[PDB]
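Dropping my_file-v7.pdb in here (PDB, C-alpha atoms):
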```pdb
MODEL        1
ATOM      1  CA  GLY A   1      14.585 -16.015  44.252
ATOM      2  CA  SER A   2      12.620 -13.925  41.765
ATOM      3  CA  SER A   3      15.833 -12.119  40.825
ATOM      4  CA  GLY A   4      15.820 -10.577  44.289
ATOM      5  CA  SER A   5      12.633  -8.628  44.962
ATOM      6  CA  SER A   6      13.709  -8.511  48.607
ATOM      7  CA  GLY A   7      12.629  -4.972  49.434
ATOM      8  CA  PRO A   8      13.596  -2.164  51.836
ATOM      9  CA  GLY A   9      14.442  -2.612  55.505
ATOM     10  CA  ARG A  10      12.439  -1.738  58.608
ATOM     11  CA  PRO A  11      11.743   1.935  59.431
ATOM     12  CA  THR A  12      12.384   3.394  62.884
ATOM     13  CA  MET A  13       9.024   3.985  64.566
ATOM     14  CA  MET A  14       8.794   6.011  67.778
ATOM     15  CA  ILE A  15       5.530   6.078  69.728
ATOM     16  CA  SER A  16       5.118   8.638  72.510
ATOM     17  CA  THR A  17       2.022   9.200  74.647
ATOM     18  CA  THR A  18       1.282  12.882  75.246
ATOM     19  CA  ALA A  19      -2.420  13.692  75.551
ATOM     20  CA  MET A  20      -4.925  11.519  77.414
ATOM     21  CA  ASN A  21      -5.959   8.584  75.226
ATOM     22  CA  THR A  22      -3.646   9.782  72.455
ATOM     23  CA  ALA A  23      -0.492   8.265  70.967
ATOM     24  CA  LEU A  24       1.894  10.334  68.846
ATOM     25  CA  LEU A  25       3.375   8.441  65.897
ATOM     26  CA  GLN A  26       6.793   9.464  64.579
ATOM     27  CA  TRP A  27       9.023   7.418  62.276
ATOM     28  CA  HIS A  28      11.873   7.939  59.812
ATOM     29  CA  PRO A  29      13.013   6.623  56.403
ATOM     30  CA  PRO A  30      15.232   3.505  56.357
ATOM     31  CA  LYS A  31      18.797   3.392  55.037
ATOM     32  CA  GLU A  32      18.793  -0.141  53.625
ATOM     33  CA  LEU A  33      16.135   0.922  51.120
ATOM     34  CA  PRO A  34      17.316   0.175  47.556
ATOM     35  CA  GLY A  35      16.110   3.201  45.615
ATOM     36  CA  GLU A  36      14.087   6.148  46.894
ATOM     37  CA  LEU A  37      11.331   6.629  49.472
ATOM     38  CA  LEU A  38       7.935   6.757  47.762
ATOM     39  CA  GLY A  39       5.588   5.830  50.592
ATOM     40  CA  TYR A  40       4.746   3.492  53.462
ATOM     41  CA  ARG A  41       1.805   1.740  55.118
ATOM     42  CA  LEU A  42       0.800   1.857  58.785
ATOM     43  CA  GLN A  43      -0.832  -1.019  60.666
ATOM     44  CA  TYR A  44      -1.942  -0.851  64.299
ATOM     45  CA  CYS A  45      -4.599  -2.726  66.272
ATOM     46  CA  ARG A  46      -5.416  -4.301  69.636
ATOM     47  CA  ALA A  47      -3.431  -7.229  71.033
ATOM     48  CA  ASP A  48      -6.617  -9.284  70.735
ATOM     49  CA  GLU A  49      -7.593  -8.195  67.225
ATOM     50  CA  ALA A  50      -6.609 -10.114  64.093
ATOM     51  CA  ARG A  51      -7.676  -7.394  61.657
ATOM     52  CA  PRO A  52      -4.944  -4.718  61.491
ATOM     53  CA  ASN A  53      -6.067  -1.211  60.534
ATOM     54  CA  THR A  54      -4.315  -0.561  57.221
ATOM     55  CA  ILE A  55      -3.422   3.053  56.446
ATOM     56  CA  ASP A  56      -1.729   4.773  53.506
ATOM     57  CA  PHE A  57       0.995   7.341  54.179
ATOM     58  CA  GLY A  58       3.063   9.481  51.829
ATOM     59  CA  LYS A  59       6.846   9.776  51.941
ATOM     60  CA  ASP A  60       6.031  13.118  53.567
ATOM     61  CA  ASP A  61       3.909  11.615  56.342
ATOM     62  CA  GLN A  62       6.638  10.932  58.904
ATOM     63  CA  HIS A  63       4.209  11.007  61.831
ATOM     64  CA  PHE A  64       0.538  10.621  62.751
ATOM     65  CA  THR A  65      -1.847  11.731  65.498
ATOM     66  CA  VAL A  66      -4.014   9.065  67.127
ATOM     67  CA  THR A  67      -6.688  10.035  69.649
ATOM     68  CA  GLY A  68      -9.415   8.097  71.433
ATOM     69  CA  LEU A  69      -7.185   5.111  72.157
ATOM     70  CA  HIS A  70      -8.624   2.736  74.758
ATOM     71  CA  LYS A  71      -6.889   3.394  78.080
ATOM     72  CA  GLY A  72      -5.341   0.468  79.931
ATOM     73  CA  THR A  73      -5.087  -1.453  76.666
ATOM     74  CA  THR A  74      -2.019  -2.857  74.911
ATOM     75  CA  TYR A  75      -1.596  -2.015  71.227
ATOM     76  CA  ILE A  76       0.726  -3.181  68.452
ATOM     77  CA  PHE A  77       1.905  -0.629  65.890
ATOM     78  CA  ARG A  78       3.589  -1.723  62.660
ATOM     79  CA  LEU A  79       5.240   0.268  59.870
ATOM     80  CA  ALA A  80       6.932  -0.579  56.571
ATOM     81  CA  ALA A  81       8.920   1.274  53.911
ATOM     82  CA  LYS A  82       7.907   1.345  50.245
ATOM     83  CA  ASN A  83      10.428   1.823  47.438
ATOM     84  CA  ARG A  84      10.346   1.732  43.636
ATOM     85  CA  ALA A  85      10.260  -2.031  44.175
ATOM     86  CA  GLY A  86       7.552  -2.097  46.829
ATOM     87  CA  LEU A  87       7.128  -2.700  50.552
ATOM     88  CA  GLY A  88       9.911  -4.292  52.578
ATOM     89  CA  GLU A  89      10.593  -5.324  56.166
ATOM     90  CA  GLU A  90       8.159  -4.234  58.879
ATOM     91  CA  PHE A  91       8.854  -2.808  62.336
ATOM     92  CA  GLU A  92       7.009  -3.942  65.463
ATOM     93  CA  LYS A  93       6.249  -1.872  68.562
ATOM     94  CA  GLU A  94       4.275  -2.761  71.690
ATOM     95  CA  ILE A  95       2.857  -0.093  74.000
ATOM     96  CA  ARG A  96       0.190   0.395  76.667
ATOM     97  CA  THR A  97      -2.078   3.408  77.168
ATOM     98  CA  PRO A  98      -2.207   4.941  80.672
ATOM     99  CA  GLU A  99      -5.213   3.633  82.600
ATOM    100  CA  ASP A 100      -7.398   5.799  84.839
ATOM    101  CA  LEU A 101      -6.200   6.694  88.336
ATOM    102  CA  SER A 102      -9.317   8.073  90.023
ATOM    103  CA  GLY A 103      -7.144   9.382  92.841
ATOM    104  CA  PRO A 104      -8.484  11.235  95.900
ATOM    105  CA  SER A 105      -9.573  14.817  95.223
ATOM    106  CA  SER A 106      -9.133  15.906  98.841
ATOM    107  CA  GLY A 107      -8.730  19.598  99.596
TER     108      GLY A 107
ENDMDL
END
```
Could you take the file, read its structure, and then write that structure out as structure tokens?
Amino acid sequence: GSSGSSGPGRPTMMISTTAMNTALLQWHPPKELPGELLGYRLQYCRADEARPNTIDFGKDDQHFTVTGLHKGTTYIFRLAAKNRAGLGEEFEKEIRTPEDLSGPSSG
């Protein structure tokens, strides 16, 4: 119970791969957040790692640029909203970086 203390909902995260070995992070503020957006944390690691890379982001930080990602590897990004009460629900997203092709360079 704890007189509620539930927390905000889950933010909408949108991951899009643009550059080689790079994943563009873009999310938005939730609507079921009781209060006002103050900040949010970002957690993303390998599908075989148990230690998620914690990162602090300001209400302003609605996106992030990740480069050097291991190609041909599945990752799991997670985001959460933080209100005057604290962090709430967390969103889950599974992606997979584009592996090498090494196609024929015939001419």
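Put simply, the PyMOL selection byres ((chain A and resi 77) around 10) on this file hits residues 13, 14, 15, 25, 42, 43, 44, 45, 46, 47, 52, 53, 75, 76, 78, 79, 91, 92, 93, 94 and 95 of chain A.
Here CA of residue 80 in chain A and CA of residue 4 in chain A stand 18.2 Å from one another.
The result of the PyMOL selection byres ((chain A and resi 61) around 10) on the shown file is residues 26, 27, 28, 39, 40, 56, 57, 58, 59, 60, 62, 63 and 64 of chain A.
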(message) With distances taken over all atoms listed in the file, which residue among A:12, A:17, A:67, A:54 lies nearest residue 96 in chain A?
(response) A:17
(message) I need every residue sitting at most 9 Å from the point (10.8, -8.7, 52.3) (coordinates as in the file, all atoms listed in the file considered), written as number ranges by chain.
(response) A: 5-9, 87-90
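Minimum atom-to-atom distance to residue 20 in chain A, evaluated using all atoms listed in the file, belongs to A:97 out of A:97, A:73, A:106, A:3.
One distance worth recording is that between CA of residue 55 in chain A and CA of residue 98 in chain A, which is 24.3 Å.
Across the model, the gap from CA of residue 37 in chain A to CA of residue 23 in chain A is 24.6 Å.
Minimum atom-to-atom distances from A:74, A:101, A:32, A:85 to residue 49 in chain A were compared using all atoms listed in the file, and the lowest value belongs to A:74.
Minimum atom-to-atom distance to residue 82 in chain A, evaluated using all atoms listed in the file, belongs to A:34 out of A:68, A:48, A:34, A:21.
Checking A:1, A:72, A:107, A:86 one by one against residue 36 in chain A, counting all atoms listed in the file, you find the shortest gap at A:86.
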Draw an axis-aligned box tight on the listed atoms of range 93-107 of chain A, then pad every side by 5 Å and write out centre and edge lengths in Å to one decimal as AutoDock Vina command-line options.
```
--center_x -1.7 --center_y 8.4 --center_z 84.1 --size_x 25.8 --size_y 32.4 --size_z 41.0
```
Rebuild range 56-82 of chain A to N, CA, C and O atoms - output it as a CSV table (one decimal), keeping the file's coordinate frame, please.
```
chain,number,residue,atom,x,y,z
A,56,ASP,N,-2.7,4.3,54.5
A,56,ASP,CA,-1.7,4.8,53.5
A,56,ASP,C,-1.1,6.1,53.9
A,56,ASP,O,-1.8,7.0,54.4
A,57,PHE,N,0.2,6.1,53.8
A,57,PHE,CA,1.0,7.3,54.2
A,57,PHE,C,2.0,7.7,53.1
A,57,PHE,O,2.6,6.8,52.5
A,58,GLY,N,2.1,9.0,52.8
A,58,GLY,CA,3.1,9.5,51.8
A,58,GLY,C,4.5,9.7,52.4
A,58,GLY,O,4.6,10.1,53.6
A,59,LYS,N,5.5,9.6,51.5
A,59,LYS,CA,6.8,9.8,51.9
A,59,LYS,C,7.0,11.0,52.9
A,59,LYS,O,7.9,11.1,53.7
A,60,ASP,N,6.0,11.9,52.7
A,60,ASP,CA,6.0,13.1,53.6
A,60,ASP,C,5.5,12.8,55.0
A,60,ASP,O,6.1,13.3,56.0
A,61,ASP,N,4.5,12.0,55.1
A,61,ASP,CA,3.9,11.6,56.3
A,61,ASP,C,4.9,10.8,57.2
A,61,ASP,O,5.0,9.6,57.1
A,62,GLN,N,5.6,11.6,58.0
A,62,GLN,CA,6.6,10.9,58.9
A,62,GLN,C,6.1,10.7,60.3
A,62,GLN,O,6.8,10.2,61.2
A,63,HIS,N,4.8,11.1,60.5
A,63,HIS,CA,4.2,11.0,61.8
A,63,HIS,C,2.7,11.1,61.7
A,63,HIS,O,2.2,11.5,60.7
A,64,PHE,N,2.0,10.6,62.7
A,64,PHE,CA,0.5,10.6,62.8
A,64,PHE,C,0.0,10.9,64.2
A,64,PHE,O,0.7,10.6,65.2
A,65,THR,N,-1.2,11.4,64.2
A,65,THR,CA,-1.8,11.7,65.5
A,65,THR,C,-3.0,10.8,65.7
A,65,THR,O,-4.0,10.9,65.0
A,66,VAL,N,-2.9,10.0,66.8
A,66,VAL,CA,-4.0,9.1,67.1
A,66,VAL,C,-4.7,9.4,68.5
A,66,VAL,O,-4.0,9.5,69.5
A,67,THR,N,-6.0,9.7,68.4
A,67,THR,CA,-6.7,10.0,69.6
A,67,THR,C,-7.9,9.1,69.9
A,67,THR,O,-8.5,8.6,68.9
A,68,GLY,N,-8.3,8.9,71.1
A,68,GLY,CA,-9.4,8.1,71.4
A,68,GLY,C,-9.0,6.7,71.8
A,68,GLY,O,-9.9,5.8,72.0
A,69,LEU,N,-7.7,6.4,71.8
A,69,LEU,CA,-7.2,5.1,72.2
A,69,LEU,C,-7.7,4.6,73.5
A,69,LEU,O,-7.8,5.4,74.5
A,70,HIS,N,-8.1,3.3,73.5
A,70,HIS,CA,-8.6,2.7,74.8
A,70,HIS,C,-7.6,2.7,75.8
A,70,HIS,O,-6.5,2.0,75.7
A,71,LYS,N,-7.8,3.4,77.0
A,71,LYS,CA,-6.9,3.4,78.1
A,71,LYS,C,-6.7,2.0,78.7
A,71,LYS,O,-7.7,1.2,78.7
A,72,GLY,N,-5.6,1.8,79.3
A,72,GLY,CA,-5.3,0.5,79.9
A,72,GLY,C,-5.4,-0.7,79.0
A,72,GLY,O,-5.8,-1.8,79.3
A,73,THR,N,-5.0,-0.4,77.7
A,73,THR,CA,-5.1,-1.5,76.7
A,73,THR,C,-3.8,-1.5,75.9
A,73,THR,O,-3.3,-0.4,75.5
A,74,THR,N,-3.3,-2.7,75.7
A,74,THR,CA,-2.0,-2.9,74.9
A,74,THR,C,-2.3,-2.9,73.4
A,74,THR,O,-3.2,-3.5,72.9
A,75,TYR,N,-1.5,-2.1,72.7
A,75,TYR,CA,-1.6,-2.0,71.2
A,75,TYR,C,-0.3,-2.5,70.5
A,75,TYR,O,0.7,-2.5,71.1
A,76,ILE,N,-0.4,-2.7,69.2
A,76,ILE,CA,0.7,-3.2,68.5
A,76,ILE,C,0.8,-2.4,67.1
A,76,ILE,O,0.1,-2.7,66.2
A,77,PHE,N,1.7,-1.4,67.1
A,77,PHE,CA,1.9,-0.6,65.9
A,77,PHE,C,2.9,-1.3,65.0
A,77,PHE,O,3.9,-1.8,65.4
A,78,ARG,N,2.7,-1.2,63.7
A,78,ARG,CA,3.6,-1.7,62.7
A,78,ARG,C,3.7,-0.8,61.5
A,78,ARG,O,2.7,-0.3,61.0
A,79,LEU,N,5.0,-0.6,61.0
A,79,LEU,CA,5.2,0.3,59.9
A,79,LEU,C,6.2,-0.4,58.9
A,79,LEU,O,7.0,-1.3,59.3
A,80,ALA,N,6.1,0.0,57.6
A,80,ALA,CA,6.9,-0.6,56.6
A,80,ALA,C,7.3,0.5,55.5
A,80,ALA,O,6.5,1.4,55.2
A,81,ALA,N,8.5,0.3,54.9
A,81,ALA,CA,8.9,1.3,53.9
A,81,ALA,C,8.6,0.8,52.5
A,81,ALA,O,8.6,-0.4,52.3
A,82,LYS,N,8.3,1.7,51.6
A,82,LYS,CA,7.9,1.3,50.2
A,82,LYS,C,8.8,2.1,49.3
A,82,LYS,O,8.9,3.3,49.2
```
